[PDB]
Structure formats: structure tokens, C-alpha cells
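Structure at a glance
Residues per chain, in single letters:
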Amino acid sequence: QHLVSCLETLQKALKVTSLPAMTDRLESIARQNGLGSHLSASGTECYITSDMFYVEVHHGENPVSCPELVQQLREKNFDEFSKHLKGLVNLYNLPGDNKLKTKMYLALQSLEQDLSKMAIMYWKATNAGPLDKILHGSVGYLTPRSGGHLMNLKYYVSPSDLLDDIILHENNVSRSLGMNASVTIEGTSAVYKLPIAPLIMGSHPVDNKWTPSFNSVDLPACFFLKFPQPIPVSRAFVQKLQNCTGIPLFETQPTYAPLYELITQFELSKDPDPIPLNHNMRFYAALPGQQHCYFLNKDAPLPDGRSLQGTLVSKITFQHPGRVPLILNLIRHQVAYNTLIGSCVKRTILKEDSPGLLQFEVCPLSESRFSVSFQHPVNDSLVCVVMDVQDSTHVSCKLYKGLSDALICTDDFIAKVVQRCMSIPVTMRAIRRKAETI
Amino acid sequence: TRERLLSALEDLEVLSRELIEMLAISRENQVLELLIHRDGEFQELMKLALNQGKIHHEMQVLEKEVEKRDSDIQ
Amino acid sequence: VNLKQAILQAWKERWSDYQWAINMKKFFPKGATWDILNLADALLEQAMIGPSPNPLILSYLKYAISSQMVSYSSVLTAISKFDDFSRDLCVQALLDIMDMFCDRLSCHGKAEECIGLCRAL
Amino acid sequence: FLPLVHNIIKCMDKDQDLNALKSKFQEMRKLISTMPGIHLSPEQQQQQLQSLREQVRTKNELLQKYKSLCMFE
């Protein structure tokens, strides 16, 4: 009986005819997502579950006539409307009970208002362009929740990916054109105290001031900062991040292997192909001038004697937004280091390459530092460029050479070329070219 | 082509009837996929079916004209 | 041709230490005990350039000490010529390398090698 | 055709026998839609048109040739 009901949504989804049958297609969408449909007149039909009730013509007014939803329905995109309902259902997958669910949603609304105000304060203090806000701003470019989609804070926009095939952001910044993190309430086994009303009642003109808790209630949930693709993070970052918040980042200690392997998986899996690369940590890179091979050297001992080890993090839980500015600054840092080392990872088949193969390599000297070692471009001794990722957007590099050697490069010229475009497989090219030009 | 259209029509009717009857007995993605595939076949050759008839009427007119011309020539 | 070109012809294509030993033999017919050619000097230069040493060329030097390719005297001189001292990681690597041979500190050769070991100590 | 089939499925979801009989009559109408003057493909339709055009042109040309042919000075 229930399978025949699910059976009819499927054949009603392939049904496509006039407006009457398109209203029956909206009824199909309801039972497809296991929703309940009540229709008053031909014009208004309402899908109702919990507080997730919306009408195409609980505890809150109908918020907005979203152009997004209206445009999709007016045009022939019932599939897009189906995705939007799925997003709404996932947001309210909240367990809780009833009165607790309404309060828990209220807490999310307070957090959203506070985060929005904090973003506004940064714009008032400095009229920064969207790119500056995303790369180095309090919170991040923030899009308020629309329908199912929850608030997205853009932590970082990599220089290579800002450029597509020299994009100027404008206020039209795409939702996925960068690295994005979503803020949401999710149920937890433990019990926590969360603000149930806006906590930025009084705001100090520079930065923000939060009125102290209790209002608040001990709901069995915490605010979350879910990342759409899990970000590989190192053990040292877990300690640096914990120092501020205090909430255990990984709680039940799971697995923790070399970080460089996880960085390769994240980069390789961005574009999926059937054949596994089988890199053996010897990625080959082809560039406009010269050919390079990079050995990532995981398992090199750090000063402690343990190889850099880290575990993918998808959800970070924060009670209030006070520790959020500090947590984001550490993340920004972990993400930037991953991007520079990530730019090298590539799925190429450089086999039997006699010319060039100007191989470069990478050893983990310490958490937050790595050394790329290469033969001197003009002379013969091994030379290297470190890149400690001090901050998300800032890397400091020192090119030590032997006592008798040819001045390979000026640290500033390399920086100018990298900031113009970017990528670190790219940084090694600039070091080689500058040395050769001299 | 006529044969293909007739076969598609028969398949569609039987399978749609079977799916509806199973829904009725309870209170079928294989059937659904088959339906949409032959529905595309019928619809794409239904624009053709309409025009074909108009073209056939035009052809009949042309034939009449040719016949007259020949008979006149003879 | 040069030892610097071989040591990274060894670092480039990832060579394990014994394959480095074989190919280092093959690149140079006269062994010259490897200390006339200053193996320890070239390995320390192209290992201690970065803030942290690359573990490949340190693995090459630790094999070239543990296997008796390189005398302890040339290693102790090449350790002595490093200083810089702003980097603790390179200094800790040098102290682990000294922790390898120290105490044994044994020369089985000519007496000039023993005098060289004395000056190197 | 497909709309009528979907309407029959909707009637089954609501439930009738009369509607199924109507679907059978629609299938008879479909057999009529297979042959209300249907008999040819898109290619054949193109060849027949070209042949008819060529025939009209040749007949008109022959008639004009004898139109000019004036037997009386």
C-alpha cells in the first residue's frame, strides 16, 4: 500500500501536461518527500509537516515570497522546487519534540541575527570589497538563509579559483565560487546552554560586545558550522582551536594518519575519475615553461618525532559566536596551507620524461611549516623554499642557499607573481624563471 | 515507421493499464521508464504525423494537376 | 657528474637509500673512500638548506654513516662547519647524527686518519 | 495518448471501469491516428516532393516549346 503510494509519485513525476496536471505534479512532489498536501481553491496548495508549511499561490509568520522559489515554479523547473523542499526538510530534521523545537529554532534565529550584525559592523568600520570580506573579515561574506538553504559564511576564496579560464566579484558572488561553510542548529547527546534572544543588545562601536547569558535554556543541542566537503585538519590545529572554544573538536578519538595523504585525497577527489591515480606521493606537474615532479614526503618526522597527522573535520560546534572569530582565524590558517600544498596534487601520467622533469619535493619540517627542496637552477647544490602558513592569507618563505651560490631570487618578486595569479606548483616556476632571467 | 508507432501505442496502453491496476489492487519504475521512452517516440512522431497529412493533401493536389496536364498533353 | 647533481639525481626520482648507494657507486668508478669527494659536505649542504631538513637526504647521510661509506672524521668536520644556529630543527638533526657515531668514534685505518679524528673531535 | 494514459492512472489512484473502457476507445482512436492518411517516412516524403516538382517543370517546358513552335508564318 505504502509502496503503491510511492509508486504513484514516480509515475506522476513523469506526467507533464497543463496547469491542472501541474497542480497534480505539485501533489506528486508532496508525497515524493513524504509531505501532506491541503489545497484551498485551485490557486493555493499547502504542504504541511511540523513547522515546515509553505504555500504556492508553526510559531512564525510566512517569512517571504522568495523570488528563487517563485521563479523556478513559474518556469518549467519542478525539479528545482523538489530540491528546495528537500533542503527545508533536512533543516527541520531536528529531533527535539515540539515546544523544544520552536525554542531551538528561535536560538538559531538569534545566532543568525548576531552573525549578521557582526558582518554589518565590519562593513561600517571599513567599506571593504566583497573579496576583502571573504579573505580577511569578521565572520565572512554572509548570505541570509533563503528557504531551505541555511546561512553560508565564505571562509576563503583561493587566488587560483577566483580566476576562471580574471573574475571581478561585484556583489554578485556565486554561492559555490570558493570555500563555503554553513551555520545550523543540530541535536547532540549532551545538553548545552544557548542564547534564546539576540545577545548583541549593546554593541561596542569597534568589534562587538555580547550581553552575558541568562536569556538562555539548556536545550540538548549546540550550534554547528558544517562544512560541505570535510576539510583535512592537523593535530596541532585541534589543540590551537581547542585553546579558545574548549569544546572537544573530535570528542570520541577516531583515526589519525599522515596529513599529506588526506590533503591529496581532498584535492584528487575534487574531480572524480574511475582510475585511482596510484601517485605513490610522486605527483607530476606540466607548466607553460618546464616540467616538474613533486614528492609530498609524508612520514618525514616533525621535531616531536611524529609525522604530521590529522583527521577530516566536517562539523565544528560553538555555543556562542564570541569564540567564533578566533576559531575562524585558525581555520582560515589551516585552509590556506592546504590550498598552497593542494595546488600541486594533479592526475597526470608523466611517464619516461627525459627533458626537464624539474622534480621538486615536500617534507613536513614542523606543524604549519614545510620545505620544498630543489637543485639550484644555475649551480649544483640543493636549495629550498619554506612556506610557514602563519595565517590563512599570509605565508612567510625563506630561500636559504649555500655560502657559495648564485643569487637565485628576490623574495618580493616571487610574492608579486604569486599574488597576481597563484598556486604553489606555480611558485616554483617563478623561482626558476627569475633566476634564469638574471 | 507506421509499424513502430503502432507498436509504441500498444505497449504504452498495456503497461499504463497494468501500473494503474496494480495501484488499484494495493488500494513500478520499470513500467514508468518504458512509458516515458515510447511517449517520447509517439510525441516526436506526432508533430510529424500532423504535418504528414498536410503534405499528403498538398501531394494529392499536385497529383491532380500533373494528371490534368498529362491527359491534356495526350 | 658533480656530487651535488648526483645527490638530487637521487632526491629527484625518489631513490631509497640502498638504491642511492648502488647508483652512487655506479656514477663514480673511483670510490676515493668518498671523503676525498666530500660526501658528507654535499649531503649536509643540500639537507640543511630548509628550516627543517628533508628526511630523504638525511636518510642518505645516516645510511652513509651506519654503513661505513663515510668516515666519522669528514662527518664531524662537516657538522662543525654549519653554525647558523637560528634553526633548532637542523641542530637537533645534527645532534642525532652525532648520537649515531659518538662513543664508538672508532677509526680503523692509517694514523693520519686517527689524527684527523682527533682534530675532528 | 500519453495524457489519456496518465488520466487513467489518476483515476486508478482516486479509486473507473468506465474510465478503463474510455482508455480502450482512446486506443481505437490511436489506431485511427496510425492511419488517418499515414503511410510514409520523412525521407520518402522528401523524394516524392522532388519527383513531383521535376515532373511539373518538364511538362510546363514541353508545353512552352510547342507554344513557341508557330506552324503558321
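Residues numbered from 1 in each chain as written, not as in the entry; some residues may be left out. Chains lettered and ligands numbered in written order. Part of a larger assembly, values for the part shown. Heavy atoms only, no water. Residues with missing side-chain atoms left out of burial classes, pairs and counts.

- Structure determination for this PDB entry is given in the record as cryo-EM, at a resolution of 4.16 Å.

**Considering the overall build of chain C**
- Across its full length, chain C holds seven helices and zero strands.
- Computed over its C-alpha atoms, the radius of gyration of chain C comes to 14 Å, within 12% of the 14 Å expected for a compact globule of 121 residues.
- If one aligns the C-alpha atoms of chain C with their principal axes, the spans along those axes are about 40 × 40 × 20 Å.
- Expressed as a percentage of the 121 residues in chain C, the buried residues total 47%.
- With an accessible surface of roughly 6300 Å², chain C has 54% of that area assigned to carbon and sulfur atoms. (Helix = DSSP H or I, 4+ residues; strand = E, 2+ residues; numbered from the N terminus. Rg over C-alpha atoms; globule rule 2.2 N^0.38 Å. Buried < 20%, exposed > 50% of the residue type's maximum accessible area, 1.4 Å probe, protein only. Areas by Shrake-Rupley, 256 points an atom, 1.4 Å probe, with all protein chains shown as cover.)

**What to know about the interface of chain C and chain A**
- Of the residues lining the interface, 23 residues belong to chain C; the matching set on chain A comes to 28 residues.
- Taken together, chain C and chain A are joined by one salt bridge.
- Between C:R14 and A:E361 there is a salt bridge, with the nearest N and O atoms lying 2.7 Å from each other.
- Taken together, the connections running from chain C to chain A amount to nine residue pairs in polar contact.
- Those elements that place two or more of their residues in the side of chain C that touches chain A are α1 (3–11), α4 (55–66) and α6 (88–101) of chain C.
- Ranked by residues supplied to the side of chain C that touches chain A, first place goes to α1(C) with five residues.
- When the residues that make up the side of chain C that touches chain A are grouped by side-chain class, the tally is 10 nonpolar, seven polar and six charged. (Contact = heavy atoms within 4.5 Å. Salt bridge = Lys/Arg side-chain N within 4 Å of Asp/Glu carboxyl O. Polar contact = N/O pair within 3.5 Å; in protein donor to acceptor, adjacent residues only side chain to side chain. Nonpolar A, V, L, I, M, F, W, Y, C, P; charged D, E, K, R; others polar.)

**A few points about the packing of aromatic side chains**
- Per the counting criterion, the structure on display carries 15 aromatic pairs over all chains.
- Relative to A:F370, the ring of A:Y337 has its centre 4.4 Å away and its plane inclined at 70°; by these criteria the two rings are edge-to-face. Taken together, the residues A:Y337 in helix α10 (residues 324–342) and A:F370 in strand β16 (residues 369–375) connect sequence positions 33 residues apart.
- Taken together, A:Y47, A:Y54 and A:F81 form an aromatic cluster joined through their ring pairs.
- The ring of A:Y256 has A:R235 lying over it, and the distance from NZ or CZ to the ring centre is 5.7 Å.
- Its end group placed over the ring of A:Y400, C:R87 keeps NZ or CZ at 3.7 Å from the ring centre. (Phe/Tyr/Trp six-rings, centres within 6.5 Å; stacked < 30°, edge-to-face > 60°. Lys NZ or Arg CZ within 6 Å of the ring centre and 35° of its normal.)

**Observations concerning the arrangement of the chains**
- Contacts are most numerous, across the four pairs of chains in contact, for chains A and C.
- A minimum C-alpha distance of 54 Å separates chain B and chain C, which share no contact.
- You won't find any contact between chain C and chain D; their C-alpha atoms come no closer than 63 Å.

**What about the interface of chain A and chain B?**
- Every contact between the two is made by eight residues of chain A and, on the other side, 10 residues of chain B.
- The junction of chain A with chain B conceals about 750 Å² of combined surface from both sides, 67% of it contributed by carbon and sulfur atoms.
- When the buried surface of chain A facing chain B is broken down by residue, A:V4, A:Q11 and A:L14 rank first, second and third, together holding 52% of it.
- The interface formed by chain A and chain B includes zero salt bridges.
- Across the contact surface, chain A and chain B share one residue pair in polar contact. (Buried area = accessible area lost by both parts, 1.4 Å probe.)

**Thoughts on the side chain of A:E112**
- Looking at where A:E112 falls in the secondary structure, it is placed in helix α5 (residues 99–125).
- The class for A:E112 is buried, based on a relative accessible area of 6%.

**Focus on the environment of A:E45**
Residues and elements named next belong to chain A.
- Within the element layout of this structure, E45 appears in strand β2 (residues 44–49).
- For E45, a relative accessible area of 1% puts it in the buried group.
- Considered as a pair, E45 and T23 are 22 residues apart in the sequence and their alpha carbons are 8.3 Å apart.
- Setting aside residues no more than four positions away along its own chain, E45 makes contact with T23, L26, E27, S37, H38, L39, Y54, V55 and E56.

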